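Topology and contacts: notes
Given next are the chains, with one letter for each unit.
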Amino acid sequence: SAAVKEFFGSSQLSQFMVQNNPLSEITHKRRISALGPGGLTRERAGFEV
DNA sequence: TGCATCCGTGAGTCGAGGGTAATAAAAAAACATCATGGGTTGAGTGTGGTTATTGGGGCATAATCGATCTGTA
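Method of determination for the deposited model, per the PDB record: cryo-EM, at 3.22 Å resolution.

Okay, the overall build of chain A next. Scanning chain A for helices and strands turns up two helices and zero strands. Along the first, second and third principal axes, the C-alpha atoms of chain A reach 35 × 30 × 15 Å. Here chain A holds 49 residues, and the buried ones make up 8% of them. Working note: accessible area of chain A is about 4800 Å², and carbon and sulfur atoms make up 58% of it. Here chain A carries 6 positive and 4 negative side-chain charges, and the mean point of each set is 6 Å from the other.

Here the focus is the layout of surface pockets. Empty space among the atoms becomes apparent when a probe as large as a water molecule is rolled across them. By volume, the largest pocket is sized at about 220 Å³. As for the largest pocket, its lining consists of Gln 12, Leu 13, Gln 15, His 28, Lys 29, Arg 31, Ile 32, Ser 33 and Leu 35. Considering only residue class, the lining of the largest pocket consists of three nonpolar, four polar and two charged.

As a further point, take the side chain of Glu 25. If you trace the backbone, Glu 25 turns up in helix α2 (residues 22-29). Among residues more than four places away in sequence, those in contact with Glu 25 are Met 17, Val 18 and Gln 19.

Conventions used here
Residues numbered from 1 in each chain as written, not as in the entry; some residues may be left out. Chains lettered and ligands numbered in written order. Part of a larger assembly, values for the part shown. Heavy atoms only, no water. Helix = DSSP H or I, 4+ residues; strand = E, 2+ residues; numbered from the N terminus. Buried < 20%, exposed > 50% of the residue type's maximum accessible area, 1.4 Å probe, protein only. Areas by Shrake-Rupley, 256 points an atom, 1.4 Å probe, with all protein chains shown as cover. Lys, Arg positive; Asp, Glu negative; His and termini not counted. Charge placed at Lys NZ, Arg CZ, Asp CG, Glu CD. 1 Å grid on protein atoms, 1.4 Å probe; cavity = no way out; pocket = protein on both sides within 12 Å on 5 of 7 lines; lining within 4 Å. Points joined across faces, edges and corners; volume = space filled by probe spheres on them. Nonpolar A, V, L, I, M, F, W, Y, C, P; charged D, E, K, R; others polar. Contact = heavy atoms within 4.5 Å.

Spelled out as structure tokens, the structure:
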């Protein structure tokens, strides 16, 4: 339960869901990110990615 | 001299939630320490008490009107 709770809420890929519009809802749930565990960082990422 | 190796660097205001957790032993004795409760100091705040009065009203001792029967050309 500790590990699953840390992933659900304390991880980078789980963040508060935007609720301004239904469009914001859809475009936040249909989102692809290249960060988080095993991914790049904004400082590290160059140009090709 | 060439080689790998290590060591700093790299923006700017801003917002919103904002904290989570793999584990573990009990006895005993011994001692320290605060917590409450009851009793002296002591420290007040509390309350009447005598004696300084200064305006006010008062009674004396004087005073300036108001009203009528006797003396002078």
